[PDB]
$ cat run_35.tsv   # TSV, C-alpha atoms and all ligand atoms
chain	number	residue	atom	x	y	z
A	2	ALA	CA	-63.90	105.34	75.84
A	3	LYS	CA	-64.22	102.77	78.73
A	4	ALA	CA	-61.34	100.63	80.18
A	5	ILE	CA	-60.53	97.56	78.01
A	6	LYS	CA	-57.60	95.08	77.91
A	7	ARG	CA	-58.51	92.28	75.43
A	8	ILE	CA	-56.33	92.01	72.28
A	9	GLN	CA	-57.31	90.41	68.94
A	10	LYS	CA	-54.40	89.08	66.83
A	11	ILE	CA	-54.49	89.58	63.05
A	12	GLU	CA	-54.90	86.57	60.74
A	13	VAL	CA	-51.46	86.03	59.20
A	14	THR	CA	-52.39	83.05	57.00
A	15	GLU	CA	-50.04	80.08	56.16
A	16	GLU	CA	-49.29	81.45	52.66
A	17	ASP	CA	-49.14	85.09	53.92
A	18	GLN	CA	-46.40	84.32	56.47
A	19	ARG	CA	-44.65	82.17	53.83
A	20	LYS	CA	-44.62	85.07	51.30
A	21	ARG	CA	-43.14	87.37	53.96
A	22	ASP	CA	-40.42	84.80	54.85
A	23	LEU	CA	-39.60	84.28	51.16
A	24	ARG	CA	-39.42	88.07	50.57
A	25	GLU	CA	-36.76	88.02	53.36
A	26	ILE	CA	-34.54	85.75	51.24
A	27	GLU	CA	-35.39	87.67	48.04
A	28	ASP	CA	-34.20	90.87	49.73
A	29	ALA	CA	-30.85	89.42	50.79
A	30	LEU	CA	-30.54	88.12	47.21
A	31	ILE	CA	-30.85	91.72	45.90
A	32	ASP	CA	-28.53	92.98	48.69
A	33	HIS	CA	-25.85	90.52	47.59
A	34	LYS	CA	-26.62	90.45	43.82
A	35	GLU	CA	-23.04	91.62	43.14
A	36	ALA	CA	-21.45	88.55	44.83
A	37	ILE	CA	-24.16	86.20	43.51
A	38	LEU	CA	-23.33	86.95	39.88
A	39	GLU	CA	-19.58	86.88	40.67
A	40	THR	CA	-19.89	83.40	42.28
A	41	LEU	CA	-21.98	82.13	39.36
A	42	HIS	CA	-19.29	83.29	36.90
A	43	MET	CA	-16.58	81.56	38.95
A	44	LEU	CA	-18.71	78.38	39.12
A	45	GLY	CA	-19.28	78.48	35.36
A	46	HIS	CA	-15.48	78.66	34.96
A	47	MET	CA	-14.99	75.69	37.28
A	48	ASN	CA	-17.27	73.59	35.06
A	49	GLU	CA	-15.50	75.13	32.00
A	50	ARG	CA	-12.15	73.82	33.39
A	51	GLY	CA	-13.52	70.38	34.37
A	52	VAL	CA	-13.23	71.06	38.11
A	53	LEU	CA	-17.00	70.44	38.70
A	54	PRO	CA	-17.24	67.28	36.49
A	55	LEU	CA	-14.03	66.05	38.17
A	56	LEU	CA	-15.71	66.31	41.57
A	57	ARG	CA	-18.99	64.83	40.25
A	58	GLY	CA	-17.13	61.78	38.93
A	59	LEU	CA	-15.26	61.54	42.25
A	60	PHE	CA	-18.50	61.32	44.27
A	61	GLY	CA	-20.56	59.40	41.73
A	62	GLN	CA	-17.88	56.72	41.58
B	128	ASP	CA	12.77	55.77	23.95
B	129	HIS	CA	10.94	58.01	21.49
B	130	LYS	CA	10.50	56.45	18.02
B	131	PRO	CA	11.89	58.65	15.18
B	132	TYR	CA	8.53	58.72	13.35
B	133	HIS	CA	5.55	61.11	13.32
B	134	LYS	CA	1.91	60.58	14.25
B	135	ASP	CA	-0.35	60.14	11.24
B	136	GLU	CA	-3.55	62.10	11.67
B	137	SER	CA	-4.12	62.05	7.85
B	138	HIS	CA	-7.06	59.66	8.21
B	139	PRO	CA	-10.19	61.47	9.46
B	140	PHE	CA	-11.23	58.54	11.69
B	141	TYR	CA	-8.14	57.08	13.39
B	142	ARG	CA	-4.54	58.03	14.25
B	143	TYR	CA	-1.22	56.20	14.61
B	144	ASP	CA	1.14	57.01	17.47
B	145	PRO	CA	4.45	55.32	16.67
B	146	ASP	CA	5.97	56.24	20.06
B	147	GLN	CA	3.13	54.20	21.69
B	148	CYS	CA	3.41	51.25	19.23
B	149	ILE	CA	4.53	47.98	20.76
B	150	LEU	CA	4.87	46.03	17.47
B	151	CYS	CA	2.41	43.42	18.67
B	152	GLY	CA	1.12	43.22	15.07
B	153	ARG	CA	-2.47	42.63	16.20
B	154	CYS	CA	-3.49	45.38	13.73
B	155	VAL	CA	-1.34	43.73	10.97
B	156	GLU	CA	-2.85	40.29	11.58
B	157	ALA	CA	-6.35	41.85	11.47
B	158	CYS	CA	-5.99	43.89	8.29
B	159	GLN	CA	-4.46	40.97	6.33
B	160	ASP	CA	-6.32	37.89	7.63
B	161	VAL	CA	-9.51	39.27	9.25
B	162	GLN	CA	-10.57	42.31	7.18
B	163	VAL	CA	-8.49	40.86	4.26
B	164	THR	CA	-7.70	44.28	2.81
B	165	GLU	CA	-3.88	43.86	3.28
B	166	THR	CA	-2.86	47.53	3.88
B	167	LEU	CA	-1.17	47.09	7.33
B	168	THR	CA	2.40	45.66	7.49
B	169	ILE	CA	5.48	46.05	9.77
B	170	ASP	CA	8.89	46.95	8.36
B	171	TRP	CA	11.20	44.77	10.44
B	172	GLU	CA	14.26	45.64	8.33
B	173	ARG	CA	14.28	49.21	9.79
B	174	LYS	CA	16.34	50.34	12.85
B	175	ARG	CA	13.07	51.00	14.69
B	176	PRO	CA	10.43	48.70	13.20
B	177	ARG	CA	7.11	50.51	12.82
B	178	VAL	CA	3.58	49.88	11.51
B	179	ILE	CA	3.54	50.91	7.88
B	180	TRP	CA	0.74	51.51	5.38
B	181	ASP	CA	1.44	50.12	1.87
B	182	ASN	CA	5.07	51.34	1.24
B	183	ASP	CA	5.13	53.68	4.24
B	184	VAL	CA	2.52	55.90	2.58
B	185	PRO	CA	0.38	58.27	4.75
B	186	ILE	CA	-2.94	56.64	5.73
B	187	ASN	CA	-5.18	59.06	3.73
B	188	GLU	CA	-3.19	58.45	0.53
B	189	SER	CA	-3.00	54.63	1.15
B	190	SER	CA	-5.38	51.70	0.20
B	191	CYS	CA	-7.17	51.96	3.54
B	192	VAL	CA	-10.73	50.67	3.48
B	193	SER	CA	-11.33	52.57	6.84
B	194	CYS	CA	-13.09	49.61	8.46
B	195	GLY	CA	-11.60	50.35	11.91
B	196	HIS	CA	-10.41	46.80	12.72
B	197	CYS	CA	-6.82	47.99	13.46
B	198	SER	CA	-8.17	50.28	16.31
B	199	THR	CA	-10.52	47.54	17.62
B	200	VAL	CA	-7.63	45.01	17.83
B	201	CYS	CA	-4.87	47.33	19.13
B	202	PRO	CA	-4.27	46.75	22.91
B	203	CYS	CA	-3.04	50.31	23.71
B	204	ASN	CA	-3.50	53.91	22.38
B	205	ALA	CA	-1.08	53.44	19.39
B	206	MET	CA	-4.01	52.75	16.98
B	207	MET	CA	-6.87	54.86	18.28
B	208	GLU	CA	-10.08	56.37	16.88
B	209	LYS	CA	-9.67	60.16	16.74
B	210	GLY	CA	-13.08	60.62	18.44
B	211	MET	CA	-11.57	59.76	21.86
B	212	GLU	CA	-8.44	61.98	21.73
B	213	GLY	CA	-8.79	64.52	24.57
B	214	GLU	CA	-12.33	63.41	25.34
B	215	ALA	CA	-12.22	60.14	27.39
B	216	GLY	CA	-11.09	61.34	30.85
B	217	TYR	CA	-11.02	64.43	33.01
B	218	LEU	CA	-7.30	65.23	32.75
B	219	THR	CA	-7.25	64.36	29.01
B	220	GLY	CA	-8.62	67.81	28.02
B	221	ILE	CA	-5.30	69.48	28.98
B	222	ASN	CA	-3.38	70.78	25.92
B	223	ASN	CA	-0.38	68.66	24.95
B	224	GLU	CA	1.92	71.71	25.35
B	225	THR	CA	1.20	71.71	29.09
B	226	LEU	CA	0.43	67.96	29.46
B	227	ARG	CA	3.85	66.87	28.14
B	228	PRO	CA	5.82	68.71	30.94
B	229	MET	CA	3.13	67.39	33.37
B	230	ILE	CA	4.24	63.87	32.36
B	231	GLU	CA	7.98	64.57	32.59
B	232	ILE	CA	7.57	65.96	36.09
B	233	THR	CA	5.58	62.80	37.04
B	234	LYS	CA	8.27	60.40	35.78
B	235	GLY	CA	11.03	62.20	37.65
B	236	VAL	CA	9.20	62.11	40.98
B	237	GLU	CA	7.48	58.70	40.90
B	238	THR	CA	8.86	55.80	42.95
B	239	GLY	CA	7.09	52.64	41.68
B	240	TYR	CA	4.43	51.96	39.05
B	241	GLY	CA	2.18	50.40	41.72
B	242	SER	CA	1.38	53.72	43.37
B	243	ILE	CA	0.82	55.96	40.30
B	244	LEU	CA	-1.05	53.15	38.50
B	245	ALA	CA	-3.48	53.02	41.44
B	246	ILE	CA	-4.17	56.76	41.05
B	247	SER	CA	-4.79	56.26	37.32
B	248	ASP	CA	-7.26	53.48	38.13
B	249	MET	CA	-9.19	56.06	40.20
B	250	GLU	CA	-9.51	58.44	37.18
B	251	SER	CA	-10.51	55.39	35.10
B	252	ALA	CA	-13.17	54.59	37.71
B	253	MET	CA	-14.43	58.19	37.77
B	254	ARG	CA	-14.83	57.81	33.94
B	255	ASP	CA	-17.99	55.70	34.51
B	256	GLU	CA	-19.81	58.88	35.57
B	257	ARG	CA	-19.53	60.61	32.21
B	258	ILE	CA	-19.10	57.75	29.62
B	259	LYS	CA	-22.04	55.52	28.55
B	260	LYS	CA	-21.78	52.33	26.48
B	261	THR	CA	-25.01	51.17	24.76
B	262	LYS	CA	-25.43	48.01	22.60
B	263	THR	CA	-26.89	48.64	19.14
B	264	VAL	CA	-27.57	46.90	15.77
B	265	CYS	CA	-26.13	48.78	12.72
B	266	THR	CA	-28.66	50.69	10.56
B	267	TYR	CA	-26.56	50.37	7.41
B	268	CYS	CA	-26.52	46.95	5.76
B	269	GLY	CA	-28.32	43.70	6.54
B	270	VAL	CA	-25.15	42.04	7.92
C	1	LIG	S1	-1.92	46.88	17.24
C	1	LIG	FE1	-1.29	49.09	17.71
C	1	LIG	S2	0.23	48.89	19.47
C	1	LIG	FE2	0.02	46.77	18.55
C	1	LIG	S3	1.75	46.66	16.98
C	1	LIG	FE3	-0.14	47.38	15.83
C	1	LIG	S4	0.01	49.71	15.90
C	1	LIG	FE4	1.48	48.91	17.51
C	2	LIG	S1	-9.53	50.44	8.78
C	2	LIG	FE1	-7.70	50.78	7.41
C	2	LIG	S2	-5.88	50.24	8.72
C	2	LIG	FE2	-7.75	49.35	9.79
C	2	LIG	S3	-7.87	47.19	9.01
C	2	LIG	FE3	-9.22	48.48	7.62
C	2	LIG	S4	-7.81	49.08	5.86
C	2	LIG	FE4	-6.45	48.33	7.57
$ encode --input "run_35.tsv" --output "structure tokens"
Amino acid sequence: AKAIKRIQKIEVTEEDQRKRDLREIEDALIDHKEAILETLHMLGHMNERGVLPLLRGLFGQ
Amino acid sequence: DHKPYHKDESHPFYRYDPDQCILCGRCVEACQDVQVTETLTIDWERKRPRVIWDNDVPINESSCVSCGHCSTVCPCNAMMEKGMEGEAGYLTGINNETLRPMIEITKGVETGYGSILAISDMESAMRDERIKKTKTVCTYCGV
């Protein structure tokens, strides 16, 4: 039980840190699942009413 | 001025819009001298001359060989293959019940053809995105 000050950092690997950062996005996806599905429905309706293809044609040409 | 005749969708492959017919007779010259079937004629004796089939008989009931020359040689949408109706553009999908007032409102407001025609050319240009034209050789007869 002597006096020590050195610290040894844990090995958070490249893929380990990545999987934590991705889980961060995956959590906010769950937190906003309600709005995500709502937006997807709205977007499906925009394609349904030619709004999306109309814009695609506009930029493509 | 609207022509006092009805559109003939009787044929399963092409239609005839009399209100859009310009009596150019390109279809008539094709059916008689090119296809040489002699179904297509124009009754000039009428108040509003129109493209007739046999003795103004509906296309399905008439002696129509269904070659499709009339639609190939027509310069506008008067003789058109039914496979394009409400399918070619982006604004073409709109139901005629709402598209007809859409047109009347446009005519009332527009100034010159030059401006609105330019807008139409933009939809026409956007059409390249969705429509593809590919050359092929027919897999029917040895012609
Ligand atoms: S080719 Fe078409 S637009 Fe021209 S006269 Fe015949 S039906 Fe009318
Ligand atoms: S498809 Fe019918 S209307 Fe056209 S040229 Fe042939 S017979 Fe005449």
$ interface_residues --input "run_35.tsv" --of "chain A" --to "chain B" --cutoff "10 Å" --atoms "all atoms listed in the file" --output "count of residues only"
12
$ closest_atom_pairs --input "run_35.tsv" --of "chain B" --to "ligand LIG 1 (chain C)" --cutoff "7 Å" --atoms "all atoms listed in the file" --output "CSV"
residue,atom,partner,partner_atom,distance
B:143,CA,C:LIG1,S4,6.7
B:147,CA,C:LIG1,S2,6.4
B:148,CA,C:LIG1,FE4,3.5
B:149,CA,C:LIG1,FE4,4.6
B:150,CA,C:LIG1,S3,3.2
B:151,CA,C:LIG1,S3,3.7
B:152,CA,C:LIG1,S3,4.0
B:153,CA,C:LIG1,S1,4.4
B:154,CA,C:LIG1,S1,4.1
B:155,CA,C:LIG1,FE3,6.2
B:178,CA,C:LIG1,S4,5.7
B:197,CA,C:LIG1,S1,6.3
B:200,CA,C:LIG1,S1,6.0
B:201,CA,C:LIG1,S1,3.5
B:202,CA,C:LIG1,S2,6.1
B:203,CA,C:LIG1,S2,5.5
B:204,CA,C:LIG1,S2,6.9
B:205,CA,C:LIG1,FE1,4.7
B:206,CA,C:LIG1,FE1,4.6
$ closest_atom_pairs --input "run_35.tsv" --of "chain B" --to "ligand LIG 2 (chain C)" --cutoff "9 Å" --atoms "only C-alpha atoms and all ligand atoms" --output "Markdown table"
| residue | atom | partner | partner_atom | distance |
| --- | --- | --- | --- | --- |
| B:138 | CA | C:LIG2 | FE1 | 8.9 |
| B:140 | CA | C:LIG2 | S1 | 8.8 |
| B:141 | CA | C:LIG2 | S1 | 8.2 |
| B:154 | CA | C:LIG2 | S3 | 6.7 |
| B:155 | CA | C:LIG2 | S3 | 7.6 |
| B:156 | CA | C:LIG2 | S3 | 8.9 |
| B:157 | CA | C:LIG2 | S3 | 6.1 |
| B:158 | CA | C:LIG2 | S3 | 3.9 |
| B:159 | CA | C:LIG2 | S3 | 7.6 |
| B:161 | CA | C:LIG2 | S3 | 8.1 |
| B:162 | CA | C:LIG2 | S3 | 5.9 |
| B:163 | CA | C:LIG2 | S3 | 7.9 |
| B:164 | CA | C:LIG2 | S4 | 5.7 |
| B:165 | CA | C:LIG2 | FE4 | 6.7 |
| B:166 | CA | C:LIG2 | FE4 | 5.2 |
| B:167 | CA | C:LIG2 | FE4 | 5.4 |
| B:180 | CA | C:LIG2 | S2 | 7.5 |
| B:186 | CA | C:LIG2 | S2 | 7.7 |
| B:189 | CA | C:LIG2 | FE1 | 8.7 |
| B:190 | CA | C:LIG2 | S4 | 6.7 |
| B:191 | CA | C:LIG2 | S4 | 3.8 |
| B:192 | CA | C:LIG2 | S4 | 4.1 |
| B:193 | CA | C:LIG2 | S1 | 3.4 |
| B:194 | CA | C:LIG2 | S1 | 3.7 |
| B:195 | CA | C:LIG2 | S1 | 3.8 |
| B:196 | CA | C:LIG2 | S3 | 4.5 |
| B:197 | CA | C:LIG2 | FE2 | 4.0 |
| B:198 | CA | C:LIG2 | FE2 | 6.6 |
| B:199 | CA | C:LIG2 | FE2 | 8.5 |
| B:206 | CA | C:LIG2 | FE2 | 8.8 |
$ atom_distance --input "run_35.tsv" --atom1 "CA of residue 234 (chain B)" --atom2 "CA of residue 246 (chain B)"
14.0 Å
$ atom_distance --input "run_35.tsv" --atom1 "CA of residue 188 (chain B)" --atom2 "CA of residue 137 (chain B)"
8.2 Å
$ closest_residue --input "run_35.tsv" --among "B:213, B:182, B:208, B:168" --to "residue 226 (chain B)" --atoms "only C-alpha atoms"
B:213
$ atom_distance --input "run_35.tsv" --atom1 "CA of residue 146 (chain B)" --atom2 "CA of residue 175 (chain B)"
10.3 Å
$ decode --input "run_35.tsv" --residues "region 217-242 of chain B" --atoms "N, CA, C and O atoms" --output "CSV table (one decimal), in the first residue's frame"
chain,number,residue,atom,x,y,z
B,217,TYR,N,-44.0,14.0,-65.9
B,217,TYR,CA,-44.1,14.0,-64.5
B,217,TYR,C,-45.5,14.6,-64.1
B,217,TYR,O,-46.2,14.0,-63.2
B,218,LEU,N,-45.9,15.6,-64.8
B,218,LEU,CA,-47.3,16.2,-64.6
B,218,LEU,C,-48.4,15.5,-65.4
B,218,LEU,O,-49.5,15.9,-65.2
B,219,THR,N,-48.1,14.5,-66.2
B,219,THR,CA,-49.0,13.8,-67.0
B,219,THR,C,-49.9,12.8,-66.1
B,219,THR,O,-51.0,12.4,-66.6
B,220,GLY,N,-49.4,12.4,-65.0
B,220,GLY,CA,-50.1,11.5,-64.1
B,220,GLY,C,-51.4,12.0,-63.5
B,220,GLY,O,-52.3,11.3,-63.1
B,221,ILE,N,-51.5,13.4,-63.4
B,221,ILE,CA,-52.6,14.1,-62.8
B,221,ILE,C,-53.9,13.7,-63.5
B,221,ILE,O,-53.9,13.7,-64.8
B,222,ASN,N,-55.0,13.4,-62.8
B,222,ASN,CA,-56.3,13.0,-63.4
B,222,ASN,C,-56.8,14.1,-64.2
B,222,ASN,O,-56.6,15.3,-63.9
B,223,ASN,N,-57.5,13.8,-65.3
B,223,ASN,CA,-58.0,14.8,-66.2
B,223,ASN,C,-59.0,15.7,-65.5
B,223,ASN,O,-59.1,16.9,-65.9
B,224,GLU,N,-59.7,15.2,-64.5
B,224,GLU,CA,-60.7,16.0,-63.8
B,224,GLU,C,-60.1,17.2,-63.1
B,224,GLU,O,-60.7,18.3,-62.9
B,225,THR,N,-58.8,17.1,-62.7
B,225,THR,CA,-58.1,18.2,-62.0
B,225,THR,C,-57.1,18.9,-63.0
B,225,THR,O,-56.8,20.0,-62.9
B,226,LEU,N,-56.7,18.1,-64.1
B,226,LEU,CA,-55.7,18.7,-65.0
B,226,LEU,C,-56.4,19.6,-66.0
B,226,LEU,O,-55.8,20.5,-66.5
B,227,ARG,N,-57.7,19.4,-66.3
B,227,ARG,CA,-58.4,20.3,-67.2
B,227,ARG,C,-58.6,21.7,-66.6
B,227,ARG,O,-58.2,22.6,-67.3
B,228,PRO,N,-59.0,21.9,-65.3
B,228,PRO,CA,-59.0,23.2,-64.8
B,228,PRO,C,-57.6,23.8,-64.7
B,228,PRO,O,-57.4,25.0,-65.0
B,229,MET,N,-56.6,23.0,-64.4
B,229,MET,CA,-55.2,23.4,-64.4
B,229,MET,C,-54.8,24.0,-65.7
B,229,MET,O,-54.0,25.0,-65.6
B,230,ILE,N,-55.3,23.6,-66.8
B,230,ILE,CA,-55.1,24.1,-68.1
B,230,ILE,C,-55.8,25.4,-68.4
B,230,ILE,O,-55.2,26.4,-68.9
B,231,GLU,N,-57.1,25.5,-67.9
B,231,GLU,CA,-57.9,26.7,-68.1
B,231,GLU,C,-57.3,27.8,-67.3
B,231,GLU,O,-57.3,29.0,-67.8
B,232,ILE,N,-56.8,27.6,-66.1
B,232,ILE,CA,-56.2,28.6,-65.3
B,232,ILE,C,-54.9,29.1,-66.0
B,232,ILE,O,-54.7,30.3,-66.0
B,233,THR,N,-54.1,28.2,-66.6
B,233,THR,CA,-52.9,28.5,-67.3
B,233,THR,C,-53.1,29.4,-68.5
B,233,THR,O,-52.4,30.4,-68.7
B,234,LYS,N,-54.2,29.2,-69.3
B,234,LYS,CA,-54.5,30.0,-70.5
B,234,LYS,C,-54.9,31.4,-70.1
B,234,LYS,O,-54.5,32.3,-70.8
B,235,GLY,N,-55.7,31.5,-69.0
B,235,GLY,CA,-56.2,32.8,-68.6
B,235,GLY,C,-55.0,33.7,-68.1
B,235,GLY,O,-55.1,34.9,-68.4
B,236,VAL,N,-54.0,33.1,-67.5
B,236,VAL,CA,-52.9,33.9,-66.9
B,236,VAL,C,-51.8,34.2,-67.9
B,236,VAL,O,-51.3,35.3,-67.9
B,237,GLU,N,-51.4,33.2,-68.7
B,237,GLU,CA,-50.3,33.4,-69.6
B,237,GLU,C,-50.3,34.6,-70.5
B,237,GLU,O,-51.4,35.1,-70.9
B,238,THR,N,-49.1,35.1,-70.8
B,238,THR,CA,-48.9,36.3,-71.6
B,238,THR,C,-48.6,35.9,-73.0
B,238,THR,O,-49.5,36.0,-73.9
B,239,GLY,N,-47.4,35.3,-73.2
B,239,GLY,CA,-47.0,34.8,-74.6
B,239,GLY,C,-46.6,33.4,-74.5
B,239,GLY,O,-46.2,32.9,-73.5
B,240,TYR,N,-46.7,32.7,-75.7
B,240,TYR,CA,-46.3,31.3,-75.8
B,240,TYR,C,-44.9,31.1,-75.5
B,240,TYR,O,-44.6,30.1,-74.8
B,241,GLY,N,-44.0,32.0,-75.8
B,241,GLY,CA,-42.6,32.0,-75.6
B,241,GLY,C,-42.2,31.6,-74.2
B,241,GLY,O,-41.3,30.8,-74.0
B,242,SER,N,-42.8,32.2,-73.2
B,242,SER,CA,-42.5,31.9,-71.8
B,242,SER,C,-42.9,30.5,-71.3
B,242,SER,O,-42.1,29.8,-70.8
